[PDB]
Amino acid sequence: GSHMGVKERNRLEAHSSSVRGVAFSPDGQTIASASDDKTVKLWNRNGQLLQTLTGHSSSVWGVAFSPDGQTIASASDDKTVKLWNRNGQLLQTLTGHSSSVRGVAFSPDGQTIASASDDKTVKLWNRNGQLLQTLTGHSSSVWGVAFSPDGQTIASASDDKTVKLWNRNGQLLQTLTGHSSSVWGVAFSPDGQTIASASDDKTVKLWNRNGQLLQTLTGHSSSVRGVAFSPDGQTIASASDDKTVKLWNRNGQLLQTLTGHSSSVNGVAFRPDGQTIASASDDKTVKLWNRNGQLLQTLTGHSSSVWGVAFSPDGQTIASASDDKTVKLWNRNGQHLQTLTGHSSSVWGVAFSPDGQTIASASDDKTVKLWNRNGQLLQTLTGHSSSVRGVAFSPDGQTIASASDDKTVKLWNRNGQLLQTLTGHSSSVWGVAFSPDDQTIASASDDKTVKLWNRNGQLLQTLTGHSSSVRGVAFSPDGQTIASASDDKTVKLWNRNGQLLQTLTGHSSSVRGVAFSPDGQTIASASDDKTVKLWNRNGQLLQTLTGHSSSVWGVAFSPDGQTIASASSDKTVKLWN
């Protein structure tokens, strides 16, 4: 036989903590986001992840692109500024600030970089990366920094309630006084003639270079953390702790409010052609909007381990289930479609109905929940006495099976009425699957067995042979072969009489998940050893998918059999093809 090698194609992930800043490359093709998760991530125009910049040892507060878009700078709470290339390699680490670095900017010629710090200073560095100047003195921490379009003026925003304007020799040109509290952000208009400042006092102020106050933007109900001018200089965007972005004209009129973030908004940026807006939030997401107030896309991912994954029978949707208490729905292009919120503890399992319109989730909160594709909670299934570890839909789409630490499998209708309990396991049940025969169910248990049942509740067969917990189970497409995944480091293949047909050996730690391809020719297994392995039916290893940075807990095939999705405690789902 022949197995064509598959490769990693999409990464279903994003930041796992607050996003502090966003920036666009000069051509508008790339977005950089900076996070408390200690990383910067680079995204294409479709919101697909291109690269992660790893290396900072504390939260990243600012990010900027060079004028040609080939160098990224980042500013961190770790007291360093780092300069990177687009392959994610470190060019330079710049040290000298005595406290957190809160903001970073490149000069228009990109030969100079400016950094703003809690240490009350702004520092100017060359690309190589010698310190050129220290700008003193604000009387408190400096939170924002910007260059004028000609690069001859630097603006800094400070907790001392002022914005200061400086030349490149560190001479103070002007102080903008008037905010009644900390200034968190500053921006220049495109023509360099107007300065905007965002303040803890709930306002944005617009100034000229003489320090005269041209206009105050009032309407936010809390601190304004970020501000930006549109490329045409006619619109101002503001990002607020009130969870909104507001768009204004120069007369102070409110044009639009962008609602959708669920926590404070920290940063806002216009794409250089002015056709989209990006915002960064404490809700751990970046949101992309058009110039009409509509949400285009959310850059989001799980904030903790991903324990389960499922592919829709429609072939276009993937669901991931996470310790972060959410289920996320994604398309096959790696774009987020929807987040399902409401469980009060970890989600261990997820499944699609045969028509792809309903999602079921199994949770440590002891419930199964049913949802629609728009994210609406439709029903809670209550009855298990402990954590729910696995869930599946029948081929007819009207029965839901759940497996629990309470040693049972339960069968339910969509109104959450209990149709049947399957009792017989002597320990926790971690996996459950329906046969395509539309008659039988399989369960996998910590008691080291798989059990096969009729849907009327009768135990038909026990599969004995594993020497440790069994946590995954799957049927072949013809329903005649069962596969089980175990803590004993093997996958086993069985017939419906409980005869062992084959043992798949190779993983070097617990096997948490298994699935058969739709053509039944390929088996995939997910392991604590951080790999997915691909096998044929003779028990032969065909390929080892390496790429996850921690345990892999779940695997699923697309309906056409061409794509595999894997879920890991590295907080991501990967698509392979």
# chains A, B, ... in the order shown; residues from 1 in each chain; ligands from 1
>>> residues_around(residues="range 291-304 of chain A", least_positions_apart="3", cutoff="7 Å", atoms="only C-alpha atoms", output="list in words")
residues 12, 13, 14, 15, 16, 17, 47, 256, 258, 275, 276, 284, 285, 286, 287, 288, 322, 323, 324, 336, 571 and 572 of chain A
>>> residues_around(residues="residue 82 in chain A", least_positions_apart="4", cutoff="6 Å", atoms="only C-alpha atoms", output="NGL selection string")
:A and (73-74 or 92-93)
>>> write_last_selection(atoms="C-alpha atoms", output="mmCIF file, in the first residue's frame")
data_model
loop_
_atom_site.group_PDB
_atom_site.id
_atom_site.type_symbol
_atom_site.label_atom_id
_atom_site.label_comp_id
_atom_site.auth_asym_id
_atom_site.auth_seq_id
_atom_site.Cartn_x
_atom_site.Cartn_y
_atom_site.Cartn_z
ATOM 1 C CA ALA A 73 9.868 45.136 17.804
ATOM 2 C CA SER A 74 8.201 44.114 21.021
ATOM 3 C CA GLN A 92 18.489 41.831 19.165
ATOM 4 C CA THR A 93 17.562 42.027 22.850
#
>>> residues_around(residues="residue 568 in chain A", least_positions_apart="5", cutoff="9 Å", atoms="only C-alpha atoms", output="PyMOL selection string")
chain A and resi 305-308+526+528+530+548-554+573-574
>>> write_last_selection(atoms="N, CA and C atoms", output="PDB file, in the first residue's frame")
ATOM      1  N   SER A 305      -5.643  23.741  28.244  1.00  0.00           N
ATOM      2  CA  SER A 305      -5.559  22.476  27.500  1.00  0.00           C
ATOM      3  C   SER A 305      -6.801  22.178  26.686  1.00  0.00           C
ATOM      4  N   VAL A 306      -6.612  21.643  25.477  1.00  0.00           N
ATOM      5  CA  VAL A 306      -7.718  21.167  24.676  1.00  0.00           C
ATOM      6  C   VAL A 306      -7.823  19.643  24.789  1.00  0.00           C
ATOM      7  N   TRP A 307      -8.950  19.171  25.320  1.00  0.00           N
ATOM      8  CA  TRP A 307      -9.105  17.755  25.675  1.00  0.00           C
ATOM      9  C   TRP A 307      -9.838  16.962  24.600  1.00  0.00           C
ATOM     10  N   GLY A 308     -10.550  17.634  23.718  1.00  0.00           N
ATOM     11  CA  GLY A 308     -11.328  16.910  22.724  1.00  0.00           C
ATOM     12  C   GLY A 308     -11.514  17.659  21.435  1.00  0.00           C
ATOM     13  N   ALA A 526      -3.841   9.323  19.323  1.00  0.00           N
ATOM     14  CA  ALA A 526      -3.314  10.533  19.963  1.00  0.00           C
ATOM     15  C   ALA A 526      -2.704  10.133  21.278  1.00  0.00           C
ATOM     16  N   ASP A 528      -0.074  10.894  24.897  1.00  0.00           N
ATOM     17  CA  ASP A 528       0.624  11.703  25.881  1.00  0.00           C
ATOM     18  C   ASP A 528       2.093  11.921  25.493  1.00  0.00           C
ATOM     19  N   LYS A 530       3.015  13.210  22.900  1.00  0.00           N
ATOM     20  CA  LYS A 530       2.976  14.433  22.063  1.00  0.00           C
ATOM     21  C   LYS A 530       2.863  14.173  20.565  1.00  0.00           C
ATOM     22  N   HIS A 548       3.027  19.076  18.014  1.00  0.00           N
ATOM     23  CA  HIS A 548       2.463  19.523  19.287  1.00  0.00           C
ATOM     24  C   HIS A 548       3.552  19.613  20.353  1.00  0.00           C
ATOM     25  N   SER A 549       3.400  20.540  21.290  1.00  0.00           N
ATOM     26  CA  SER A 549       4.457  20.763  22.271  1.00  0.00           C
ATOM     27  C   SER A 549       4.125  20.138  23.618  1.00  0.00           C
ATOM     28  N   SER A 550       2.999  19.435  23.682  1.00  0.00           N
ATOM     29  CA  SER A 550       2.621  18.712  24.885  1.00  0.00           C
ATOM     30  C   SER A 550       1.684  17.574  24.492  1.00  0.00           C
ATOM     31  N   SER A 551       1.162  16.862  25.485  1.00  0.00           N
ATOM     32  CA  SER A 551       0.227  15.744  25.255  1.00  0.00           C
ATOM     33  C   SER A 551      -0.882  15.999  24.245  1.00  0.00           C
ATOM     34  N   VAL A 552      -1.189  14.986  23.430  1.00  0.00           N
ATOM     35  CA  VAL A 552      -2.279  15.068  22.466  1.00  0.00           C
ATOM     36  C   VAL A 552      -3.379  14.197  23.014  1.00  0.00           C
ATOM     37  N   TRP A 553      -4.570  14.775  23.137  1.00  0.00           N
ATOM     38  CA  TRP A 553      -5.678  14.129  23.826  1.00  0.00           C
ATOM     39  C   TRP A 553      -6.774  13.704  22.895  1.00  0.00           C
ATOM     40  N   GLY A 554      -6.798  14.243  21.686  1.00  0.00           N
ATOM     41  CA  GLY A 554      -7.914  13.898  20.795  1.00  0.00           C
ATOM     42  C   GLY A 554      -7.525  13.917  19.330  1.00  0.00           C
ATOM     43  N   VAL A 573      -5.486  23.274  18.560  1.00  0.00           N
ATOM     44  CA  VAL A 573      -5.844  22.196  17.646  1.00  0.00           C
ATOM     45  C   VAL A 573      -5.008  22.377  16.386  1.00  0.00           C
ATOM     46  N   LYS A 574      -4.475  21.275  15.860  1.00  0.00           N
ATOM     47  CA  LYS A 574      -3.766  21.318  14.584  1.00  0.00           C
ATOM     48  C   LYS A 574      -4.537  20.583  13.486  1.00  0.00           C
TER      49      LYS A 574
END
>>> atom_distance(atom1="CA of residue 409 in chain A", atom2="CA of residue 462 in chain A")
14.6 Å
>>> closest_residue(among="A:31, A:72, A:50, A:337", to="residue 272 in chain A", atoms="only C-alpha atoms")
A:31
>>> select_by_dssp(residues="range 26-203 of chain A", states="strand (DSSP E or B)", output="ChimeraX atom specification")
/A:31-35,40-43,49-53,60-65,71-76,81-85,90-94,101-106,112-117,122-126,131-135,142-147,154-158,162-166,172-177,183-188,195-199
>>> closest_residue(among="A:411, A:496, A:313, A:368", to="residue 556 in chain A", atoms="only C-alpha atoms")
A:313
>>> closest_residue(among="A:103, A:354, A:315, A:190", to="residue 562 in chain A", atoms="only C-alpha atoms")
A:315
>>> closest_residue(among="A:33, A:98, A:52, A:112", to="residue 66 in chain A", atoms="only C-alpha atoms")
A:112
>>> atom_distance(atom1="CA of residue 89 in chain A", atom2="CA of residue 51 in chain A")
10.4 Å
>>> residues_around(residues="residue 487 in chain A", least_positions_apart="5", cutoff="8 Å", atoms="only C-alpha atoms", output="ChimeraX atom specification")
/A:468-471,509-512
>>> closest_residue(among="A:405, A:459, A:233, A:250", to="residue 205 in chain A", atoms="only C-alpha atoms")
A:250
>>> residues_around(residues="residue 170 in chain A", least_positions_apart="3", cutoff="8 Å", atoms="only C-alpha atoms", output="list in words")
residues 133, 134, 135, 136, 166 and 167 of chain A
>>> write_last_selection(atoms="C-alpha atoms", output="CSV table (one decimal), in the first residue's frame")
chain,number,residue,atom,x,y,z
A,133,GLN,CA,19.3,58.9,24.0
A,134,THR,CA,17.4,58.7,27.3
A,135,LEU,CA,14.4,61.2,27.5
A,136,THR,CA,13.9,62.4,31.1
A,166,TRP,CA,10.6,65.8,22.4
A,167,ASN,CA,13.2,66.2,19.7
>>> residues_around(residues="residue 264 in chain A", least_positions_apart="2", cutoff="8 Å", atoms="only C-alpha atoms", output="count of residues only")
11
>>> closest_residue(among="A:227, A:327, A:436, A:430", to="residue 449 in chain A", atoms="only C-alpha atoms")
A:430
>>> decode(residues="range 109-177 of chain A", atoms="C-alpha atoms", output="compact mmCIF listing (two decimals), in the first residue's frame")
# COMPACT_ATOMS: atom_id res chain seq x y z
CA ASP A 109 13.18 55.73 8.45
CA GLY A 110 13.24 52.70 10.79
CA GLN A 111 16.84 53.47 11.76
CA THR A 112 15.76 54.53 15.28
CA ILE A 113 13.44 52.74 17.77
CA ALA A 114 11.80 54.40 20.78
CA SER A 115 10.72 52.55 23.96
CA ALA A 116 8.53 53.84 26.85
CA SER A 117 9.00 52.43 30.31
CA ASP A 118 7.64 52.34 33.86
CA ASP A 119 11.08 53.65 34.73
CA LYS A 120 9.83 57.11 33.70
CA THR A 121 12.01 57.36 30.63
CA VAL A 122 11.82 56.99 26.91
CA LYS A 123 14.89 55.48 25.27
CA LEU A 124 15.99 55.87 21.64
CA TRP A 125 18.10 53.09 20.16
CA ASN A 126 19.66 52.38 16.80
CA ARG A 127 18.91 49.09 15.01
CA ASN A 128 22.25 47.65 16.15
CA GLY A 129 21.12 48.19 19.02
CA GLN A 130 23.10 50.95 20.71
CA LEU A 131 21.41 53.31 23.15
CA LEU A 132 21.32 56.81 21.61
CA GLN A 133 19.31 58.89 24.04
CA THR A 134 17.36 58.75 27.31
CA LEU A 135 14.43 61.15 27.53
CA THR A 136 13.85 62.39 31.10
CA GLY A 137 11.60 63.39 32.77
CA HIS A 138 8.06 62.54 33.15
CA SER A 139 7.40 62.18 36.88
CA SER A 140 5.88 58.72 36.60
CA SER A 141 5.69 55.66 34.37
CA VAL A 142 5.56 56.14 30.60
CA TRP A 143 2.87 54.09 28.83
CA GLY A 144 2.85 55.19 25.21
CA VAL A 145 5.25 56.54 22.59
CA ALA A 146 4.87 57.69 18.98
CA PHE A 147 6.94 59.30 16.25
CA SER A 148 5.68 62.16 14.08
CA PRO A 149 5.39 61.31 10.34
CA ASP A 150 8.69 63.15 9.67
CA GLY A 151 10.30 61.34 12.63
CA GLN A 152 11.64 64.61 14.05
CA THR A 153 9.27 64.68 17.06
CA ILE A 154 8.58 62.03 19.69
CA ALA A 155 5.40 62.01 21.74
CA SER A 156 5.24 60.17 25.11
CA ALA A 157 2.14 59.53 27.30
CA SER A 158 2.54 59.24 31.06
CA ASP A 159 0.94 58.33 34.38
CA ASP A 160 2.03 61.81 35.42
CA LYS A 161 -1.08 63.03 33.52
CA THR A 162 0.84 64.62 30.64
CA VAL A 163 1.94 64.05 27.07
CA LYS A 164 5.45 65.32 26.30
CA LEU A 165 6.87 66.24 22.90
CA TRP A 166 10.58 65.84 22.39
CA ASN A 167 13.17 66.24 19.65
CA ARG A 168 15.80 63.55 18.93
CA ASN A 169 18.40 65.13 21.17
CA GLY A 170 16.10 64.47 24.14
CA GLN A 171 15.13 68.12 24.45
CA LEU A 172 11.65 68.77 25.75
CA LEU A 173 9.67 70.80 23.22
CA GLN A 174 6.25 70.93 24.80
CA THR A 175 4.17 69.49 27.62
CA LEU A 176 0.44 68.82 26.95
CA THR A 177 -1.28 69.35 30.30
